[PDB]
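Student: Just one file: query23.cif, with mmCIF, C-alpha atoms and all ligand atoms.
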data_structure
loop_
_atom_site.label_atom_id
_atom_site.label_comp_id
_atom_site.auth_asym_id
_atom_site.auth_seq_id
_atom_site.Cartn_x
_atom_site.Cartn_y
_atom_site.Cartn_z
CA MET A 1 3.20 -25.62 -0.15
CA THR A 2 -0.24 -25.52 -1.77
CA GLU A 3 -0.82 -23.03 -4.56
CA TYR A 4 -4.24 -21.39 -4.84
CA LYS A 5 -5.23 -19.27 -7.85
CA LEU A 6 -7.74 -16.63 -6.78
CA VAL A 7 -9.49 -14.09 -9.01
CA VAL A 8 -11.00 -10.87 -7.65
CA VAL A 9 -13.91 -9.66 -9.80
CA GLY A 10 -16.65 -7.04 -9.53
CA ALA A 11 -17.60 -3.59 -10.91
CA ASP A 12 -15.10 -0.73 -11.31
CA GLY A 13 -14.51 1.15 -8.09
CA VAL A 14 -15.69 -1.50 -5.60
CA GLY A 15 -12.14 -1.90 -4.24
CA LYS A 16 -10.75 -5.06 -5.88
CA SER A 17 -7.31 -3.44 -6.11
CA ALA A 18 -7.36 -1.94 -2.63
CA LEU A 19 -8.43 -5.33 -1.25
CA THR A 20 -5.64 -7.17 -3.08
CA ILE A 21 -2.94 -4.63 -2.19
CA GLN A 22 -4.08 -4.63 1.44
CA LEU A 23 -3.62 -8.40 1.57
CA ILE A 24 -0.36 -8.58 -0.41
CA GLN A 25 1.37 -5.35 0.70
CA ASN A 26 -0.43 -4.40 3.97
CA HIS A 27 -1.34 -0.84 3.02
CA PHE A 28 -4.41 1.03 1.78
CA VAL A 29 -4.05 2.56 -1.69
CA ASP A 30 -6.38 5.49 -2.44
CA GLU A 31 -5.84 5.92 -6.19
CA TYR A 32 -4.72 2.68 -7.81
CA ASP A 33 -4.88 2.92 -11.64
CA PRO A 34 -8.41 1.60 -12.33
CA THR A 35 -7.23 -0.06 -15.56
CA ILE A 36 -4.19 -2.01 -14.36
CA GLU A 37 -4.79 -5.75 -14.21
CA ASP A 38 -2.12 -7.90 -12.60
CA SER A 39 -1.41 -11.04 -10.60
CA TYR A 40 0.12 -10.90 -7.11
CA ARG A 41 1.63 -13.76 -5.13
CA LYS A 42 1.77 -14.12 -1.37
CA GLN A 43 3.06 -16.92 0.82
CA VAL A 44 0.77 -17.30 3.83
CA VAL A 45 -0.28 -19.87 6.43
CA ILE A 46 -3.99 -20.68 6.42
CA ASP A 47 -5.32 -23.17 8.97
CA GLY A 48 -1.76 -24.40 9.44
CA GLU A 49 -1.27 -24.92 5.70
CA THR A 50 1.48 -23.01 3.96
CA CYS A 51 -0.20 -21.52 0.88
CA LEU A 52 1.12 -19.64 -2.13
CA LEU A 53 -1.76 -17.36 -3.15
CA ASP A 54 -1.71 -16.27 -6.79
CA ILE A 55 -4.32 -13.50 -6.91
CA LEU A 56 -5.57 -11.98 -10.19
CA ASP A 57 -6.79 -8.42 -9.62
CA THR A 58 -9.03 -7.84 -12.60
CA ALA A 59 -9.41 -4.56 -14.45
CA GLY A 60 -9.34 -3.01 -17.92
CA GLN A 61 -12.28 -2.92 -20.30
CA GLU A 62 -15.40 -5.08 -20.33
CA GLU A 63 -14.25 -7.33 -23.16
CA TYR A 64 -15.20 -10.99 -23.69
CA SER A 65 -12.26 -12.15 -25.81
CA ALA A 66 -10.95 -15.72 -25.83
CA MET A 67 -7.69 -14.69 -24.15
CA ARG A 68 -9.42 -13.01 -21.19
CA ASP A 69 -11.86 -15.93 -20.96
CA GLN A 70 -8.74 -18.12 -20.62
CA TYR A 71 -7.09 -15.86 -18.03
CA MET A 72 -10.24 -15.94 -15.88
CA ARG A 73 -10.90 -19.67 -16.12
CA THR A 74 -7.49 -20.31 -14.48
CA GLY A 75 -9.16 -19.07 -11.32
CA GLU A 76 -9.70 -21.87 -8.81
CA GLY A 77 -11.83 -19.58 -6.64
CA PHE A 78 -13.45 -16.18 -7.11
CA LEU A 79 -13.97 -13.20 -4.83
CA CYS A 80 -17.14 -11.52 -6.10
CA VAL A 81 -16.86 -7.96 -4.78
CA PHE A 82 -19.46 -5.19 -4.57
CA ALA A 83 -19.41 -2.05 -2.42
CA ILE A 84 -22.10 -1.51 0.20
CA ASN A 85 -22.65 2.05 -1.08
CA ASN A 86 -22.97 1.05 -4.76
CA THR A 87 -26.33 -0.56 -5.58
CA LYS A 88 -25.36 -1.14 -9.21
CA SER A 89 -22.23 -3.05 -8.19
CA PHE A 90 -24.38 -5.40 -6.05
CA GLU A 91 -26.85 -5.89 -8.88
CA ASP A 92 -23.90 -6.72 -11.16
CA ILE A 93 -22.84 -9.68 -8.96
CA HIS A 94 -25.17 -12.09 -10.76
CA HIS A 95 -23.49 -11.27 -14.07
CA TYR A 96 -20.02 -11.97 -12.72
CA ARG A 97 -21.18 -15.25 -11.19
CA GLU A 98 -22.68 -16.18 -14.58
CA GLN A 99 -19.43 -15.34 -16.35
CA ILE A 100 -17.51 -17.49 -13.87
CA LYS A 101 -19.86 -20.47 -14.35
CA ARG A 102 -19.40 -20.03 -18.10
CA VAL A 103 -15.61 -19.91 -18.37
CA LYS A 104 -15.25 -22.64 -15.73
CA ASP A 105 -18.09 -24.59 -17.41
CA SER A 106 -19.46 -25.65 -14.03
CA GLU A 107 -22.28 -24.75 -11.64
CA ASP A 108 -20.16 -25.25 -8.50
CA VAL A 109 -17.18 -22.88 -8.54
CA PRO A 110 -15.62 -21.86 -5.21
CA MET A 111 -16.78 -18.30 -4.58
CA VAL A 112 -17.13 -15.79 -1.73
CA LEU A 113 -19.44 -12.77 -1.88
CA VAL A 114 -17.67 -9.71 -0.47
CA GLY A 115 -19.37 -6.46 0.56
CA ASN A 116 -16.51 -3.94 0.60
CA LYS A 117 -16.28 -0.37 2.01
CA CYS A 118 -18.03 -1.27 5.25
CA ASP A 119 -16.27 1.67 6.89
CA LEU A 120 -18.52 4.04 4.94
CA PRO A 121 -21.40 5.72 6.75
CA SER A 122 -24.49 5.43 4.54
CA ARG A 123 -24.90 2.10 2.81
CA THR A 124 -27.58 1.37 0.25
CA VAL A 125 -27.01 -2.44 0.25
CA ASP A 126 -28.14 -4.03 3.53
CA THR A 127 -26.25 -6.89 5.17
CA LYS A 128 -29.43 -9.00 4.98
CA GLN A 129 -29.86 -8.44 1.21
CA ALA A 130 -26.35 -9.70 0.60
CA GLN A 131 -26.61 -12.62 3.01
CA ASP A 132 -29.80 -13.64 1.24
CA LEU A 133 -28.00 -13.52 -2.11
CA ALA A 134 -25.08 -15.51 -0.67
CA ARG A 135 -27.37 -18.22 0.78
CA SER A 136 -29.17 -18.48 -2.55
CA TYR A 137 -25.81 -19.22 -4.17
CA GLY A 138 -24.57 -21.49 -1.40
CA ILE A 139 -21.48 -19.32 -0.89
CA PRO A 140 -20.03 -17.47 2.11
CA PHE A 141 -20.60 -13.75 2.60
CA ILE A 142 -18.25 -11.29 4.30
CA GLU A 143 -18.20 -7.54 4.80
CA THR A 144 -14.81 -5.91 4.38
CA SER A 145 -13.00 -2.59 4.44
CA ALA A 146 -9.81 -2.29 2.44
CA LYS A 147 -9.27 0.95 4.35
CA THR A 148 -9.26 -0.36 7.91
CA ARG A 149 -8.34 -3.96 6.81
CA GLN A 150 -11.42 -5.38 8.56
CA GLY A 151 -12.39 -8.75 7.09
CA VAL A 152 -9.66 -8.69 4.44
CA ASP A 153 -7.60 -11.70 5.56
CA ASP A 154 -10.80 -13.61 6.39
CA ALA A 155 -12.36 -12.95 2.97
CA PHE A 156 -9.39 -14.45 1.14
CA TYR A 157 -8.80 -17.29 3.62
CA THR A 158 -12.49 -18.17 3.46
CA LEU A 159 -12.20 -18.44 -0.33
CA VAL A 160 -9.20 -20.76 0.10
CA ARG A 161 -11.35 -22.85 2.45
CA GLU A 162 -14.04 -23.07 -0.23
CA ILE A 163 -11.47 -24.34 -2.73
CA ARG A 164 -10.30 -27.05 -0.29
CA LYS A 165 -13.77 -28.44 0.20
CA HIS A 166 -14.44 -28.36 -3.55
CA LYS A 167 -11.25 -30.42 -3.91
CA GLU A 168 -12.74 -32.63 -1.12
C1 LIG B 201 -15.32 -10.91 -14.68
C2 LIG B 201 -15.22 -12.19 -15.41
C3 LIG B 201 -15.22 -13.31 -14.61
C4 LIG B 201 -15.13 -14.58 -15.16
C5 LIG B 201 -15.03 -14.73 -16.54
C6 LIG B 201 -15.02 -13.60 -17.37
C7 LIG B 201 -14.91 -13.82 -18.80
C8 LIG B 201 -14.89 -12.73 -19.71
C9 LIG B 201 -14.99 -11.45 -19.21
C10 LIG B 201 -15.08 -11.22 -17.80
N1 LIG B 201 -15.23 -9.77 -17.41
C11 LIG B 201 -14.35 -8.80 -17.99
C12 LIG B 201 -14.44 -7.40 -17.22
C13 LIG B 201 -15.95 -7.00 -17.02
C14 LIG B 201 -16.90 -7.92 -17.13
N2 LIG B 201 -18.21 -7.61 -16.99
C15 LIG B 201 -18.55 -6.36 -16.71
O1 LIG B 201 -19.95 -6.04 -16.57
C16 LIG B 201 -20.26 -4.64 -16.53
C17 LIG B 201 -21.81 -4.46 -16.82
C18 LIG B 201 -22.54 -5.07 -15.86
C19 LIG B 201 -23.08 -6.40 -16.44
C20 LIG B 201 -22.98 -6.37 -17.74
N3 LIG B 201 -22.21 -5.08 -18.11
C21 LIG B 201 -22.81 -4.43 -18.67
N4 LIG B 201 -17.64 -5.40 -16.60
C22 LIG B 201 -16.35 -5.65 -16.73
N5 LIG B 201 -15.34 -4.54 -16.59
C23 LIG B 201 -15.86 -3.11 -16.55
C24 LIG B 201 -14.72 -2.10 -16.84
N6 LIG B 201 -13.54 -2.23 -16.05
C25 LIG B 201 -13.16 -3.54 -15.57
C26 LIG B 201 -14.23 -4.68 -15.58
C27 LIG B 201 -14.85 -4.80 -14.18
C28 LIG B 201 -16.63 -9.37 -17.44
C29 LIG B 201 -15.11 -12.33 -16.84
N1 LIG B 202 -13.73 4.26 2.19
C1 LIG B 202 -13.29 3.17 1.51
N2 LIG B 202 -12.79 3.40 0.28
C2 LIG B 202 -12.31 2.39 -0.48
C3 LIG B 202 -12.33 1.03 0.05
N3 LIG B 202 -11.79 0.24 -0.90
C4 LIG B 202 -11.46 1.04 -1.95
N4 LIG B 202 -11.77 2.32 -1.69
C5 LIG B 202 -11.58 3.48 -2.59
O1 LIG B 202 -12.48 3.37 -3.70
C6 LIG B 202 -11.79 3.68 -4.93
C7 LIG B 202 -11.70 2.45 -5.85
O2 LIG B 202 -10.87 1.43 -5.28
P1 LIG B 202 -10.10 0.41 -6.24
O3 LIG B 202 -9.42 -0.64 -5.40
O4 LIG B 202 -9.28 1.14 -7.27
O5 LIG B 202 -11.38 -0.25 -6.96
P2 LIG B 202 -11.31 -1.37 -8.12
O6 LIG B 202 -11.76 -0.67 -9.39
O7 LIG B 202 -12.30 -2.40 -7.61
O8 LIG B 202 -9.88 -1.85 -8.16
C8 LIG B 202 -10.41 4.15 -4.52
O9 LIG B 202 -10.50 5.57 -4.34
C9 LIG B 202 -10.18 3.51 -3.18
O10 LIG B 202 -9.31 4.29 -2.35
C10 LIG B 202 -12.89 0.83 1.39
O11 LIG B 202 -12.94 -0.32 1.87
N5 LIG B 202 -13.34 1.92 2.05
MG MG B 203 -8.61 -2.01 -9.71
#
Render the structure in this file as structure tokens.
Tutor:
Amino acid sequence: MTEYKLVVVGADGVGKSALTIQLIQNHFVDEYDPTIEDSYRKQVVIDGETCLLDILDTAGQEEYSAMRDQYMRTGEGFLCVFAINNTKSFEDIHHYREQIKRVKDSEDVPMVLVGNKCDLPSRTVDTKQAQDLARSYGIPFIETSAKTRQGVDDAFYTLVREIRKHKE
């Protein structure tokens, strides 16, 4: 089977952990320790390919040490997550994409832009705004809810698909 190393990044509170746990463990966590960073592995079939997904759920403090830089650059693809009711988290996307380009030392890194919490009633980030940002980057965009599980499998599988085509 093919191993894929995925890294879920984005501002605190956007739902990186809920998204990962929903995909790995099939349940919605409401109060996952905001500081716990860990890797999770899941065997799954994507487009008929058996895949082992190694998924780094990032957390902790905004540090830029050489060890963290090294942990991140093992990512083959990146889920860049913001929440549709958190303007600041959307604005922060550019920064995360810049940090990815830096530690990977490349301007084409497989990435998917993810607008989480789409179950929530009053969003301040419009679908169009985020699509526009995605198309500027050349990356896919998907809306997700870690609560209802909408889009969750597709967000991760779509990232896997972006890694395949980068590998040609
Ligand atoms: C994420 C990432 C990807 C690829 C390579 C990296 C290399 C080094 C460090 C990384 N990370 C570490 C965690 C982190 C990072 N950048 C911000 O930016 C917060 C705000 C907004 C813009 C500037 N800054 C002021 N915040 C963070 N953390 C806030 C507190 N909890 C967890 C975490 C989300 C950057 C790399
Ligand atoms: N309503 C709703 N709440 C969510 C969703 N995803 C995460 N949350 C909640 O938002 C908070 C932060 O989620 P968490 O996964 O810890 O964010 P992280 O800092 O990105 O890991 C928690 O209270 C979650 O229960 C979602 O899709 N919808
Ligand atoms: Mg978390």
Student: Would you give me, as a Markdown table, each residue of chain A having an atom within 7 Å of an atom of ligand LIG 201 (chain B), along with its shortest atom pair and that distance in Å to one decimal, using only C-alpha atoms and all ligand atoms and sorting by chain and residue number?
Tutor:
| residue | atom | partner | partner_atom | distance |
| --- | --- | --- | --- | --- |
| A:9 | CA | B:LIG201 | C1 | 5.2 |
| A:10 | CA | B:LIG201 | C27 | 5.5 |
| A:11 | CA | B:LIG201 | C27 | 4.4 |
| A:12 | CA | B:LIG201 | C27 | 5.0 |
| A:35 | CA | B:LIG201 | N6 | 6.7 |
| A:58 | CA | B:LIG201 | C25 | 6.7 |
| A:59 | CA | B:LIG201 | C25 | 4.0 |
| A:60 | CA | B:LIG201 | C25 | 4.5 |
| A:61 | CA | B:LIG201 | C24 | 4.3 |
| A:62 | CA | B:LIG201 | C22 | 3.8 |
| A:63 | CA | B:LIG201 | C11 | 5.4 |
| A:64 | CA | B:LIG201 | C8 | 4.4 |
| A:65 | CA | B:LIG201 | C8 | 6.7 |
| A:68 | CA | B:LIG201 | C8 | 5.7 |
| A:69 | CA | B:LIG201 | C7 | 4.3 |
| A:72 | CA | B:LIG201 | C5 | 5.0 |
| A:73 | CA | B:LIG201 | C5 | 6.5 |
| A:92 | CA | B:LIG201 | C18 | 5.2 |
| A:95 | CA | B:LIG201 | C19 | 5.4 |
| A:96 | CA | B:LIG201 | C1 | 5.2 |
| A:99 | CA | B:LIG201 | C5 | 4.4 |
| A:100 | CA | B:LIG201 | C4 | 4.0 |
| A:103 | CA | B:LIG201 | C5 | 5.5 |
Student: Just the number, please: distance in Å from atom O10 of ligand LIG 202 (chain B) to CA of residue 17 (chain A), one decimal.
Tutor: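 CA of residue 17 (chain A) lies at a distance of 8.8 Å from atom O10 of ligand LIG 202 (chain B).
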Student: Residues within 6 Å of ligand LIG 202 (chain B), counting only C-alpha atoms and all ligand atoms: report them as JSON, numbers by chain.
Tutor: {"A": [12, 13, 14, 15, 16, 17, 18, 29, 30, 31, 32, 34, 116, 117, 119, 120, 145, 146, 147]}
Student: Give me the residues within 9 Å of residue 161 (chain A) as a ChimeraX atom specification, counting all atoms listed in the file and dropping any in the same chain fewer than 3 places off.
Tutor: /A:46-47,110,156-158,164-166
Student: Using all atoms listed in the file, which residue out of A:36, A:19, A:55, A:160 lies closest to residue 143 (chain A)?
Tutor: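 Nearest candidate to residue 143 (chain A) out of A:36, A:19, A:55, A:160: A:19.
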Student: Which residues are close to residue 24 (chain A), i.e. within 8 Å by all atoms listed in the file, leaving aside same-chain residues fewer than 4 positions away? Reply as a ChimeraX atom specification.
Tutor: /A:20,40-42
Student: What gap, in Å, lies between CA of residue 130 (chain A) and CA of residue 91 (chain A)?
Tutor: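 Those two atoms sit 10.2 Å apart.
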Student: In terms of the shortest atom-to-atom distance over all atoms listed in the file, which of A:45, A:81, A:142, A:134 is closest to ligand MG 203 (chain B)?
Tutor: A:81
Student: With only C-alpha atoms as the counted atoms, please give the residues lying no more than 10 Å from residue 87 (chain A), apart from itself and same-chain residues fewer than 4 positions off, as a PyMOL selection string.
Tutor: chain A and resi 82-83+91-92+123-126
Student: What is the CA of residue 150 (chain A) to CA of residue 129 (chain A) distance in Å?
Tutor: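 These two atoms are separated by 20.1 Å.
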Student: Applying 12 Å and all atoms listed in the file, which residues near residue 1 (chain A) remain after dropping the ones on its own chain fewer than 3 positions away? List them as a list in words.
Tutor: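 Those residues are residues 4, 42, 43, 44, 45, 46, 48, 49, 50, 51, 52 and 53 of chain A.
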Student: Pick from A:144, A:2, A:39, A:70: nearest to ligand MG 203 (chain B), with all atoms listed in the file counted?
Tutor: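 Of A:144, A:2, A:39, A:70, the one nearest ligand MG 203 (chain B) is A:39, counting all atoms listed in the file.
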Student: Find the residue from A:80, A:6, A:21, A:93 that sits nearest to ligand MG 203 (chain B); use only C-alpha atoms and all ligand atoms when measuring.
Tutor: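 Of all the options, A:21 lies closest to ligand MG 203 (chain B).
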Student: Starting from the incomplete input, reconstruct N, CA and C atoms of region 72-97 of chain A and write that as a PDB file, in the frame of the given file.
Tutor:
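Generated output (rebuild28.pdb):
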ATOM      1  N   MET A  72      -9.303 -15.802 -16.993  1.00  0.00           N
ATOM      2  CA  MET A  72     -10.240 -15.940 -15.880  1.00  0.00           C
ATOM      3  C   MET A  72     -10.414 -17.393 -15.484  1.00  0.00           C
ATOM      4  N   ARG A  73     -10.590 -18.283 -16.460  1.00  0.00           N
ATOM      5  CA  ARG A  73     -10.900 -19.670 -16.120  1.00  0.00           C
ATOM      6  C   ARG A  73      -9.742 -20.385 -15.430  1.00  0.00           C
ATOM      7  N   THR A  74      -8.546 -19.776 -15.340  1.00  0.00           N
ATOM      8  CA  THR A  74      -7.490 -20.310 -14.480  1.00  0.00           C
ATOM      9  C   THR A  74      -7.780 -20.070 -13.006  1.00  0.00           C
ATOM     10  N   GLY A  75      -8.698 -19.163 -12.685  1.00  0.00           N
ATOM     11  CA  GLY A  75      -9.160 -19.070 -11.320  1.00  0.00           C
ATOM     12  C   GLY A  75      -9.662 -20.399 -10.780  1.00  0.00           C
ATOM     13  N   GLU A  76      -9.138 -20.796  -9.621  1.00  0.00           N
ATOM     14  CA  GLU A  76      -9.700 -21.870  -8.810  1.00  0.00           C
ATOM     15  C   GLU A  76     -10.829 -21.398  -7.910  1.00  0.00           C
ATOM     16  N   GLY A  77     -10.752 -20.163  -7.409  1.00  0.00           N
ATOM     17  CA  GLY A  77     -11.830 -19.580  -6.640  1.00  0.00           C
ATOM     18  C   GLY A  77     -11.957 -18.104  -6.965  1.00  0.00           C
ATOM     19  N   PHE A  78     -13.146 -17.558  -6.712  1.00  0.00           N
ATOM     20  CA  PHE A  78     -13.450 -16.180  -7.110  1.00  0.00           C
ATOM     21  C   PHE A  78     -14.003 -15.381  -5.948  1.00  0.00           C
ATOM     22  N   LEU A  79     -13.414 -14.208  -5.723  1.00  0.00           N
ATOM     23  CA  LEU A  79     -13.970 -13.200  -4.830  1.00  0.00           C
ATOM     24  C   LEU A  79     -14.864 -12.313  -5.672  1.00  0.00           C
ATOM     25  N   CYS A  80     -16.159 -12.382  -5.433  1.00  0.00           N
ATOM     26  CA  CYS A  80     -17.140 -11.520  -6.100  1.00  0.00           C
ATOM     27  C   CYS A  80     -17.415 -10.318  -5.222  1.00  0.00           C
ATOM     28  N   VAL A  81     -16.899  -9.153  -5.628  1.00  0.00           N
ATOM     29  CA  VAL A  81     -16.860  -7.960  -4.780  1.00  0.00           C
ATOM     30  C   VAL A  81     -17.886  -6.960  -5.282  1.00  0.00           C
ATOM     31  N   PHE A  82     -18.667  -6.404  -4.354  1.00  0.00           N
ATOM     32  CA  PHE A  82     -19.460  -5.190  -4.570  1.00  0.00           C
ATOM     33  C   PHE A  82     -19.170  -4.275  -3.388  1.00  0.00           C
ATOM     34  N   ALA A  83     -19.581  -3.018  -3.496  1.00  0.00           N
ATOM     35  CA  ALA A  83     -19.410  -2.050  -2.420  1.00  0.00           C
ATOM     36  C   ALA A  83     -20.769  -1.770  -1.810  1.00  0.00           C
ATOM     37  N   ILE A  84     -20.809  -1.635  -0.481  1.00  0.00           N
ATOM     38  CA  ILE A  84     -22.100  -1.510   0.200  1.00  0.00           C
ATOM     39  C   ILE A  84     -22.780  -0.180  -0.075  1.00  0.00           C
ATOM     40  N   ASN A  85     -22.073   0.771  -0.677  1.00  0.00           N
ATOM     41  CA  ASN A  85     -22.650   2.050  -1.080  1.00  0.00           C
ATOM     42  C   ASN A  85     -22.768   2.170  -2.599  1.00  0.00           C
ATOM     43  N   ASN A  86     -22.875   1.041  -3.300  1.00  0.00           N
ATOM     44  CA  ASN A  86     -22.970   1.050  -4.760  1.00  0.00           C
ATOM     45  C   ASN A  86     -23.977  -0.024  -5.180  1.00  0.00           C
ATOM     46  N   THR A  87     -25.251   0.372  -5.248  1.00  0.00           N
ATOM     47  CA  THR A  87     -26.330  -0.560  -5.580  1.00  0.00           C
ATOM     48  C   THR A  87     -26.054  -1.287  -6.892  1.00  0.00           C
ATOM     49  N   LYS A  88     -25.609  -0.541  -7.906  1.00  0.00           N
ATOM     50  CA  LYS A  88     -25.360  -1.140  -9.210  1.00  0.00           C
ATOM     51  C   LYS A  88     -24.314  -2.239  -9.127  1.00  0.00           C
ATOM     52  N   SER A  89     -23.261  -2.026  -8.333  1.00  0.00           N
ATOM     53  CA  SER A  89     -22.230  -3.050  -8.190  1.00  0.00           C
ATOM     54  C   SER A  89     -22.794  -4.346  -7.594  1.00  0.00           C
ATOM     55  N   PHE A  90     -23.704  -4.230  -6.616  1.00  0.00           N
ATOM     56  CA  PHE A  90     -24.380  -5.400  -6.050  1.00  0.00           C
ATOM     57  C   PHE A  90     -25.240  -6.084  -7.097  1.00  0.00           C
ATOM     58  N   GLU A  91     -26.015  -5.296  -7.847  1.00  0.00           N
ATOM     59  CA  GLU A  91     -26.850  -5.890  -8.880  1.00  0.00           C
ATOM     60  C   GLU A  91     -25.991  -6.609  -9.917  1.00  0.00           C
ATOM     61  N   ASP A  92     -24.770  -6.124 -10.150  1.00  0.00           N
ATOM     62  CA  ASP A  92     -23.900  -6.720 -11.160  1.00  0.00           C
ATOM     63  C   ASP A  92     -23.332  -8.074 -10.738  1.00  0.00           C
ATOM     64  N   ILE A  93     -23.443  -8.441  -9.457  1.00  0.00           N
ATOM     65  CA  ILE A  93     -22.840  -9.680  -8.960  1.00  0.00           C
ATOM     66  C   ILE A  93     -23.323 -10.882  -9.778  1.00  0.00           C
ATOM     67  N   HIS A  94     -24.628 -10.950 -10.032  1.00  0.00           N
ATOM     68  CA  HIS A  94     -25.170 -12.090 -10.760  1.00  0.00           C
ATOM     69  C   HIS A  94     -24.442 -12.298 -12.083  1.00  0.00           C
ATOM     70  N   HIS A  95     -24.180 -11.205 -12.788  1.00  0.00           N
ATOM     71  CA  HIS A  95     -23.490 -11.270 -14.070  1.00  0.00           C
ATOM     72  C   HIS A  95     -22.115 -11.889 -13.921  1.00  0.00           C
ATOM     73  N   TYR A  96     -21.357 -11.438 -12.920  1.00  0.00           N
ATOM     74  CA  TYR A  96     -20.020 -11.970 -12.720  1.00  0.00           C
ATOM     75  C   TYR A  96     -20.091 -13.453 -12.381  1.00  0.00           C
ATOM     76  N   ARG A  97     -21.019 -13.838 -11.505  1.00  0.00           N
ATOM     77  CA  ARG A  97     -21.180 -15.250 -11.190  1.00  0.00           C
ATOM     78  C   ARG A  97     -21.534 -16.057 -12.434  1.00  0.00           C
TER      79      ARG A  97
END
